[PDB]
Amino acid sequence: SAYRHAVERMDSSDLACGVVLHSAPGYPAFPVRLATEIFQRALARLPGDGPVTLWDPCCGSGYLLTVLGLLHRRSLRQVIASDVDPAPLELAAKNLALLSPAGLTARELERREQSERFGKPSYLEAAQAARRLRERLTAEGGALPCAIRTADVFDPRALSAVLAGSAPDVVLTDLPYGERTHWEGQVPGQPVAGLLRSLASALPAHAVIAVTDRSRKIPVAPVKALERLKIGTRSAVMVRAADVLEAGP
C-alpha cells in the first residue's frame, strides 16, 4: 500500500515516544505517520465530517490515542480509552493528561526541572516540544475531552459504562500482544471476530472500526472489509459496525 493522506513524511518529532508523550518498556509505540494514515482513512469512510468521537478499547499505554488526540484535535469532539488490565492504564492516564493545556504545562515544567537538575540537552528539547504541542492544542480547540476506564472489550455488557452515553464514530486500536497466538505472530480469526462483534453491539451503525496488527492480512470474513492496508511489517483493516452486525453469530 501507499500513503494516501500522509503523503509527505512529516516532522512528527514533537510526538515521539519518550519526549513529551510517555514510553513504557512493556508496550510499543506506534509510528505517527501510520497512525495518521489509518485515522484519515477511517474519517474518509464516515457519512459526514462533523466532530468525531474516537475510542481505543485496547488502549495499552495510550500513546496511540494521545498522538491522534493531539495531531487531529481539530477533527475530534472527544476521545475514550479503555483496556482490561490496570498496569497499562496508569501510563495511559499520564498520556491522556497531555490532552489539556494544563497537562502539557505540567509535563513541560517536569522536563525543565530535569534540565536544571541533570543538564542533558534532550530535557530542553522535550520542554520546547511540550510548549509547541500546547500552543497547537490551544489554537486547534483547547482541551480535548477524554475518559479512561477499565473494561474487557470482549464483554459486550462492559461497554455501555465505558461509553457513558457517547456514540463513537471511529474505533482505532492496535491489537494487544496477549491476543496473539504467540508473541511473534498475530491475533487469530475467532478472537478478532469476537472483538468486532462485541464492539459493533455498542456502536452506532455508521461507526468505522479500524484494527491493526503485525501481520500480512487481518482475518475478518465473513464480515466484508471496507478497506485494507499494508505498510512495513503492519497491516490494518476497517469495517463498518452495521456490517459486522449483519454477519451474524
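Numbers follow the displayed sequence, beginning with 1.
*Give the stretch, out of 233-241 and 6-14, with the larger mean C-alpha temperature factor in the deposited entry.*
Higher mean C-alpha B-factor: 6-14.
*Which wins on mean Cα temperature factor, 59-67 or 177-185?*
So the stretch with the higher mean C-alpha B-factor is 177-185.
*asked:* Using only the C-alpha B-factors in the record, can you name which of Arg149, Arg157, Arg134, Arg107 has the highest?
replied: Of the candidates given, the C-alpha B-factor peaks at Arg157.
*Going by the deposited entry, which of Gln190, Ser198, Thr53, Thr36 has the highest CA temperature factor?*
Answer, based on the entry's C-alpha B-factors: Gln190.
_Which third, lowest, middle or highest, does the C-alpha temperature factor of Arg45 belong to within its own chain?_
Its C-alpha B-factor belongs to the middle third of this chain's values.
*State the tercile, meaning the lowest, middle or highest third, of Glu125 with respect to the CA B-factors recorded for its chain.*
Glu125: CA B-factor falls in the middle third of its chain.
_Quick check on the deposited entry: does the C-alpha B-factor of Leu226 sit in the lowest, middle or highest third of its chain?_
Its C-alpha B-factor belongs to the highest third of this chain's values.
*Split the chain's modelled residues into thirds by Cα B-factor; is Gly141 in the lowest, middle or highest one?*
As the PDB entry reports it, the C-alpha B-factor of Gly141 lands in the middle third of its chain.
*Assigned third (lowest, middle, highest) for the C-alpha B factor of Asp85*: Top third by C-alpha B-factor.
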